[PDB]
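Peer 1:
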Amino acid sequence: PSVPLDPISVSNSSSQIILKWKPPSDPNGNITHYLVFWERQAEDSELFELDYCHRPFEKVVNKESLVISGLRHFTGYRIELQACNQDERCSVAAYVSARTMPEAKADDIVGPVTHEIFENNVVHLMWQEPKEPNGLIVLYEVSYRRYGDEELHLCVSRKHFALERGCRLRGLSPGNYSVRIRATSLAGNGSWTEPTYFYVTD
Amino acid sequence: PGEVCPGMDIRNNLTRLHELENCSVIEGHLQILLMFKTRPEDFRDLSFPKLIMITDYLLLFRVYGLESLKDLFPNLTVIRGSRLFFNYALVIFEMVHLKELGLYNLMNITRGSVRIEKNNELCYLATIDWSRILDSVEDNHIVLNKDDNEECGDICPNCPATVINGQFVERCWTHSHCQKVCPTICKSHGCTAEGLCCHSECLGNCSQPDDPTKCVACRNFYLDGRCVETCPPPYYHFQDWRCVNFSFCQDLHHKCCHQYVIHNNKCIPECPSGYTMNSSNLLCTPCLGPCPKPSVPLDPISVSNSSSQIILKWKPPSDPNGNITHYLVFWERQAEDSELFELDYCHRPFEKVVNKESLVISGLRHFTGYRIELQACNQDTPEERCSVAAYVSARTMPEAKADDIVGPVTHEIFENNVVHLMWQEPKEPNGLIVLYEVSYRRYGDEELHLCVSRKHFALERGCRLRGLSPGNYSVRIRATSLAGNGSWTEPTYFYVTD
Ligand SMILES: *[C@@H]1O[C@H](CO)[C@@H](O)[C@H](O)[C@H]1NC(C)=O
Ligand SMILES: *[C@@H]1O[C@H](CO)[C@@H](O)[C@H](O)[C@H]1NC(C)=O
Ligand SMILES: *[C@@H]1O[C@H](CO)[C@@H](O)[C@H](O)[C@H]1NC(C)=O
Ligand SMILES: *[C@@H]1O[C@H](CO)[C@@H](O)[C@H](O)[C@H]1NC(C)=O
Ligand SMILES: *[C@@H]1O[C@H](CO)[C@@H](O)[C@H](O)[C@H]1NC(C)=O
Ligand SMILES: *[C@@H]1O[C@H](CO)[C@@H](O)[C@H](O)[C@H]1NC(C)=O
Numbered sequence: 595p596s597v598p599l600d601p602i603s604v605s606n607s608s609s610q611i612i613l614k615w616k617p618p619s620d621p622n623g624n625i626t627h628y629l630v631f632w633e634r635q636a637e638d639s640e641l642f643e644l645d646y647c737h738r739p740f741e742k743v744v745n746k747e748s749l750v751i752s753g754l755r756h757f758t759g760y761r762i763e764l765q766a767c768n769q770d774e775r776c777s778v779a780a781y782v783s784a785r786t787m788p789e790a791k792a793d794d795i796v797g798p799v800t801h802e803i804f805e806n807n808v809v810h811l812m813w814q815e816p817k818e819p820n821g822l823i824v825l826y827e828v829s830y831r832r833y834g835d836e837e838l839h840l841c842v843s844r845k846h847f848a849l850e851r852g853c854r855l856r857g858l859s860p861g862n863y864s865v866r867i868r869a870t871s872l873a874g875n876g877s878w879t880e881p882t883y884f885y886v887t888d
Numbered sequence: 004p005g006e007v008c009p010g011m012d013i014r015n016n017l018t019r020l021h022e023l024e025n026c027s028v029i030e031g032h033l034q035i036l037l038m039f040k041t042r043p044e045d046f047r048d049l050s051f052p053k054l055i056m057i058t059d060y061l062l063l064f065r066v067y068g069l070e071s072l073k074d075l076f077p078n079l080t081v082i083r084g085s086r087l088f089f090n091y092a093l094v095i096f097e098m099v100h101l102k103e104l105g106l107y108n109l110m111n112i113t114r115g116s117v118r119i120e121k122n123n124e125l126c127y128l129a130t131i132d133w134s135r136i137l138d139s140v141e142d143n144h145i146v147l148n149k150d151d152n153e154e155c156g157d158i159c160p168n169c170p171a172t173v174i175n176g177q178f179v180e181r182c183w184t185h186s187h188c189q190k191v192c193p194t195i196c197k198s199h200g201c202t203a204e205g206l207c208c209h210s211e212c213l214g215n216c217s218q219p220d221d222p223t224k225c226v227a228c229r230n231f232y233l234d235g236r237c238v239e240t241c242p243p244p245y246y247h248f249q250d251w252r253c254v255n256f257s258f259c260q261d262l263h264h265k266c274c275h276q277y278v279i280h281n282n283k284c285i286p287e288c289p290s291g292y293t294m295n296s297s298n299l300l301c302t303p304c305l306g307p308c309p310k595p596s597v598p599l600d601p602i603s604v605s606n607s608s609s610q611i612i613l614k615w616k617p618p619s620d621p622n623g624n625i626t627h628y629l630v631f632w633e634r635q636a637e638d639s640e641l642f643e644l645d646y647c737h738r739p740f741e742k743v744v745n746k747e748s749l750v751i752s753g754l755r756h757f758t759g760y761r762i763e764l765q766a767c768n769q770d771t772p773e774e775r776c777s778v779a780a781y782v783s784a785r786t787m788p789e790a791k792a793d794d795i796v797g798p799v800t801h802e803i804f805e806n807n808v809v810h811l812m813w814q815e816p817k818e819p820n821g822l823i824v825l826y827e828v829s830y831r832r833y834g835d836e837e838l839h840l841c842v843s844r845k846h847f848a849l850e851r852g853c854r855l856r857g858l859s860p861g862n863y864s865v866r867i868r869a870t871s872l873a874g875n876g877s878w879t880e881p882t883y884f885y886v887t888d
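As you go down the protein sequences, you meet chains E and F in turn.
Just so we're aligned: the first sequence equals residues 595 to 647, 737 to 770, 774 to 888 in PDB author numbering.
Just so we're aligned: the second sequence equals residues 4 to 160, 168 to 266, 274 to 310, 595 to 647, 737 to 888 in PDB author numbering.
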C-alpha cells in the first residue's frame, strides 16, 4: 500500500501524545490496520558537563489517530507509522518526531533550606535538589537580599552545586538577609522558594 | 592512488558496499538507502578511508543504526557535483540515530548546495561554517533537525573560532575533530597543518606545499598523478575530471548504455542537438537541416546582509496584461515599542526600479523595523496605472560597538561607605538599552551580579552599591540592549578603606 498521509504529532498533556494521519492515497486493497511504533531517544551526554556561567507498539484498527500514554515528561520520541492490509506486507514507514510536555512542579524545590556559618563568617547553604526534574536541571540561581536593598543573583552551575553540595557565600557584612531560590532546568524556571531569613552576627 | 569505480545505488543490506573496498574516486554518484535491518554493529567495523572524492552527489536516506560518518568516510574531501540531486550535491535525509557528520576532511563542495532535513538526532551542525566550504549557502536547506531545537552541546576539542552574524563561535566537526581553517590567500587550494598554502592546482588539501604531485584532490583535472588545468592534445576531457585517450573512448563506444562520441575535446555520451556522429572518427559534425535518424508582485523577500543595506527581492505579477515598465519601492521607519520604556526587565523616500527585480536600500538606521510597500507599474508616461501594494517588514542589523560603554568609570564613597558609581551611558545604541549588569568581585571569590533597569539607572545617574566589606574590588560592566550584550568593560579597581 501507499504511504500514510499527513501525519501530525501533537502533545496536549505531559504524558499523552496525539498522533493524527490521513489514509494512504493508494490502499490497493482493504486496509486491515495501522502499525504505530514509538521509541525513546536518550538524553544528550554533554548537557551534564556544561557550565552556563521489539518496542511497545500498537495496531490501530478502524481509526486514524492514537493517544500514547504513560510517557516520560519533556522527552523526545521517534514515532514510526506504517499501514498493513493483511496479517507481512506493509507500507513503507512515515516518520515523525515529538517532544512531550514538561511537568508542572518537577523543578520546584521542596524540603527545608538549611544553612551553616563558619568561624570566618562564611555561610554554607544546603538545599535538596529536585529529585525528578524536567529533563535535567542545568543551573540554580542564588538570590540573597538585605532588607531594603535591590535583588542580587548568582548562577550556580551543576559541577559547582554538586561539588560544594549546595552553595557557599564568602565574607558578607552582618545583618538579616532574605533568600529566594529558583531552579533553572532545560524546560524553564521552577517556582521561587518562599523567602527565608538568616542573621549573621555582628 | 586507488581505483576509480562507477556509481552505486546500495539498498537493503551492506553486502554490495564491500565492492567499494579499493575505490579512491567514485565516478558517478553514491546513493545509500532503505536499510531497515542494519544495526550499529554492522558499521562499527566498516570503513572506507581510501575514498577521497565523489564526482556527482552523496545521498543517505533511511539508514538505521548509523550514528556518524567519521569512521565510514574519514578522508572524503571534495564533492564535485557533476550530476546533482534536484540541484543538491549532498543529501542527508531521515538518518535516524545519526548524531554527527564527522566529515572532518570535507573542504569544498564545488557546485550545488547542501540539504540536511529531518534528522532528529543530528548535532555538530552549528559548529560548521558552510560559507567556507560552498560559494553559495543561500540555497542550503538545513531544517527540522535536533540542532534547530537547541539541545546540542556541541563542544569542540584549540579549534579556530569565527563569527556567524554577531556571535563568535568555535568551529569543529566532532568532539574530537576541529574544523580546518586556512589563510585567506589559500582558500580553494587547501593548506598543510602549519598553514603553508598548497599548490594552485590542488583542491582542499595536499601532503606538501606548492607541489602539484602531492595534492589530495585537483582543482581542475587529474592526469598521471598530477593536477592539470586542462587536458592537452591528444587527450580528451572525460566526465569533466579526468583525461583519457582516443582508444579508451573508442573501447567504451564499441562495448556499447550510450555509445560515446567526441566533441569539443570531450568524450560525451551523445552528440548535442543539431550534431551527428561521424562514424569513423567519432566526431560530432553538424547536420544540414534536420539530423537523419496589474496583479500583485509575487514572492517578496526582505533580507539584510549589512547594518545599512536591505536587499529586497520579488517575482513579477502573475497577470501583467501589458509590458511592465517599472517597480515602485517605498520604505518607512517604525519608531519603537512604547512598553519598552515602561517595563522593568529585572511622501516617504522611494525608488522606481527599472529592468530589475531586486533593490539594495542604503543609509538606514541600525536595528530598526521598516514597512516596505512594493508596487508594479506597466505604464508611466501619460497618467500611471499601478498595482495594489505589497506589504513586507524587515529589521536592520545592529551595530558592532553601539552598546559598548566608553569613558571613565567614576565612583564616590559616602560617610556610610556606600559607593555611588557613575559611568556615561552609550549615547547611540542598537535600538535602546533595556538594562545593565553590575558585576563587582572580590579577588578569589565567585562572580556577583546586579540587574539595573532603565528607570533605576536614569534616576540614580549610574549605580549605588550599599554596604560592602573593605578591600580592593574589581569591576566589569555589561550593557544589555534589545539587540544583545555590549562588551564587558575592562576590570577597574577600587579600594574601600578598612
Ligand atoms: C542482501 O539482499 C539481497 C537482495 O534480496 C539478498 O538476496 C541477500 O540474501 C541479502 N544478504 C544478506 C546477507 O542479508
Ligand atoms: C582490493 O584489492 C585487493 C588487493 O589484492 C584485492 O585482494 C581485493 O579483492 C580488492 N577488492 C575488490 C572489491 O576488488
Ligand atoms: C571550490 O573550488 C573551486 C575551484 O576553483 C572554486 O572555484 C570554489 O570557489 C571553491 N569553493 C569554495 C572555496 O567554497
Ligand atoms: C591532509 O591530508 C593528510 C594525510 O594524512 C592529513 O594528515 C592532514 O591532516 C590533511 N590536512 C587537512 C588540512 O585536512
Ligand atoms: C550586501 O549585498 C549587496 C548586493 O550585492 C552588496 O553590494 C553589499 O556589499 C553587501 N554587503 C555586505 C556587508 O555583504
Ligand atoms: C555576548 O553574547 C554572545 C552570545 O553567544 C557571546 O558569544 C559573546 O561572547 C558575548 N560577549 C561578551 C563580551 O561577553
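For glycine and all other residues, C-beta sits at the position ideal for the given N, C-alpha and C.
Just to confirm before moving on: does the CB-CB distance between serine 877 of chain F and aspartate 794 of chain F stay below 8 Å?
Peer 2: It is a contact, given that the beta carbons lie within the stated cut-off.
Peer 1: Using the C-alpha atoms, what's the distance from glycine 753 of chain E back to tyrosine 833 of chain F?
Peer 2: Taking the straight line from one Cα to the other gives about 51 Å.
Peer 1: So which residues on chain F does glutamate 837 of chain E lean against when the C-beta distance must stay under 9 Å?
Peer 2: Within 9 Å Cβ-Cβ: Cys647, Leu840 and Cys841.
Peer 1: Going residue by residue through the segment 31 to 71 of chain F, where are the continuous alpha helix (DSSP H) segments of at least 4 residues, counting only ones entirely within it?
Peer 2: Whole alpha helix (DSSP H) segments, 4+ residues: 43 to 47.
Peer 1: In the segment 125 to 153 of chain F, which residue ranges form an unbroken beta strand (DSSP E) of at least 3 residues, counting only runs that do not cross its ends?
Peer 2: Counting whole runs of 3 or more residues, the segment 125 to 153 of chain F contains the beta strand (DSSP E) stretches 144 to 146.
Peer 1: With a Cβ-Cβ cutoff of 8 Å, do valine 824 of chain E and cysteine 853 of chain E count as a contact?
Peer 2: Contact flag unset, no.
Peer 1: Exposed or buried, which one is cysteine 241 of chain F when buried takes at least 16 other CB atoms within 10 Å?
Peer 2: So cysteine 241 of chain F ends up on the buried side.
Peer 1: Please classify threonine 58 of chain F: is it buried, with 16 or more other beta-carbons within 10 angstroms of its beta-carbon, or exposed?
Peer 2: Label assigned to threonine 58 of chain F: buried.
Peer 1: Kindly indicate if chain F contains any beta-carbon less than 8 Å away from that of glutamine 610 of chain E.
Peer 2: Chain F, which has no Cβ nearer than 8 Å to the Cβ of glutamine 610 of chain E, makes this no.
Peer 1: How would the residue list near ligand 1 read, in chain order, if you kept each one whose beta-carbon is closer than 6 Å to any heavy atom?
Peer 2: Cβ-based neighbours of ligand 1 within the cut-off: F/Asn15, F/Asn16 and F/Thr18.
Peer 1: Just tell me which of F/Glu880, F/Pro598, F/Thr302 and F/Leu305 has its CA closest to the CA of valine 796 of chain F.
Peer 2: That would be F/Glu880, whose Cα lies nearest to the Cα of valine 796 of chain F.
Peer 1: What residue range does the beta strand (DSSP E) around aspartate 600 of chain F cover?
Peer 2: From DSSP, the beta strand (DSSP E) with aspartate 600 of chain F extends over 599 to 604.
Peer 1: Starting from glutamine 635 of chain E, trace the alpha helix (DSSP H) in both directions and tell me its first and last residue.
Peer 2: Neither: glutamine 635 of chain E is in no alpha helix (DSSP H) and is coded neither H nor E.
Peer 1: Assess, as a yes-or-no matter, whether the segment 596 to 614 of chain E is touched by the segment 114 to 123 of chain F under the definition of 3 or more beta carbon pairs within less than 8 Å.
Peer 2: With the cut-off at 8 Å, the segment 114 to 123 of chain F and the segment 596 to 614 of chain E do not touch.
Peer 1: How far does the alpha helix (DSSP H) with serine 257 of chain F in it extend, from its first residue to its last?
Peer 2: That run of the alpha helix (DSSP H) goes 256 to 265.
Peer 1: Once the 5 residues before and after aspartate 12 of chain F are set aside, which same chain residues still bring their CB inside 6 Å of it?
Peer 2: Around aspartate 12 of chain F: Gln34.
Peer 1: Expressed to the nearest angstrom, what Euclidean distance is found between the alpha-carbon atoms of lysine 614 of chain F and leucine 749 of chain F?
Peer 2: Going by the C-alpha atoms only, they are around 7 Å apart.
Peer 1: Looking at chain F, which residues of the segment 850 to 883 of chain E have a Cβ within less than 7 Å of any of its Cβ atoms?
Peer 2: Listed in sequence order: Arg856, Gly857 and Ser859.
Peer 1: Quick one: which residues of the segment 785 to 799 of chain E get their C-beta closer than 9 Å to a C-beta of chain F? List them in chain order.
Peer 2: Answer set for the segment 785 to 799 of chain E: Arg785.
Peer 1: Confirm the yes/no value for this check: CB of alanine 203 of chain F, any heavy atom of ligand 4, distance under 7 Å.
Peer 2: Yes, ligand 4 has a heavy atom inside 7 Å of this Cβ.
Peer 1: Is any heavy atom of ligand 6 found at a distance shorter than 7 Å from the C-beta of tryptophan 813 of chain E?
Peer 2: No, Cβ of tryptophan 813 of chain E sits at least 7 Å from all heavy atoms of ligand 6.
Peer 1: What does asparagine 123 of chain F reach in chain E if we use C-beta pairs closer than 8 Å?
Peer 2: Within chain E, the residues near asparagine 123 of chain F are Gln635, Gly759, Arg761 and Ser783.
Peer 1: So does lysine 190 of chain F have its beta carbon nearer than 7 Å to some heavy atom of ligand 4?
Peer 2: Result yes, Cβ under 7 Å from ligand 4.
Peer 1: What ranges does the beta strand (DSSP E) occupy inside the segment 743 to 784 of chain F, keeping only unbroken runs of at least 3 residues that lie completely in it?
Peer 2: If we require 3 residues or more, the beta strand (DSSP E) runs fully inside the segment 743 to 784 of chain F come out as 748 to 751 and 759 to 767.
Peer 1: Leaving aside the five residues before and after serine 605 of chain E along the sequence, list all residues of the same chain whose C-beta is less than 8 Å from its C-beta, in chain order.
Peer 2: Once the five neighbours on either side are set aside, the close Cβ partners of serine 605 of chain E are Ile611, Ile612, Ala784, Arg785, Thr786 and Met787.
Peer 1: Please report whether the beta-carbon of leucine 641 of chain E lies at a distance below 8 Å from any beta-carbon of chain F.
Peer 2: By this cut-off, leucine 641 of chain E is an interface position.
Peer 1: Indicate, with yes or no, if ligand 3 has a heavy atom lying under 7 Å from the CB of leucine 213 of chain F.
Peer 2: Answer for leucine 213 of chain F: yes, Cβ within range of ligand 3.
Peer 1: What's the C-alpha gap between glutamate 180 of chain F and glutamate 643 of chain E?
Peer 2: Spanning the two alpha carbons is a distance of roughly 17 Å.
Peer 1: Pick from F/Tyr127, F/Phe88 and F/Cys274: whose alpha carbon is nearest that of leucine 106 of chain F?
Peer 2: Taking only the C-alpha atoms, the option nearest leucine 106 of chain F is F/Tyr127.
Peer 1: Can you tell me where the alpha helix (DSSP H) with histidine 846 of chain E in it begins and where it stops?
Peer 2: Per DSSP, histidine 846 of chain E belongs to the alpha helix (DSSP H) from 844 to 850.
Peer 1: From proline 9 of chain F to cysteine 776 of chain E, what does the alpha carbon distance come to, in whole angstroms?
Peer 2: Whole-angstrom Cα-Cα distance: 33 Å.
Peer 1: Run through DSSP, which three-state label would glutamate 204 of chain F get?
Peer 2: Reduced to three states, the DSSP call for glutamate 204 of chain F is coil.
Peer 1: Which complete alpha helix (DSSP H) runs does the segment 795 to 877 of chain E hold, if anything under 4 residues is left out?
Peer 2: With a minimum length of 4 residues, the continuous alpha helix (DSSP H) runs that stay inside the segment 795 to 877 of chain E are 844 to 850.
Peer 1: Mind checking who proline 244 of chain F pairs with in its DSSP beta bridge?
Peer 2: BP columns for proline 244 of chain F are empty, so no partner.
Peer 1: If you follow the beta strand (DSSP E) that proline 881 of chain F is part of, which residue opens it and which one closes it?
Peer 2: First-last for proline 881 of chain F: undefined, no H or E at that position.
Peer 1: What's the C-alpha gap between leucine 87 of chain F and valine 94 of chain F?
Peer 2: Those two C-alpha atoms are separated by around 10 Å.
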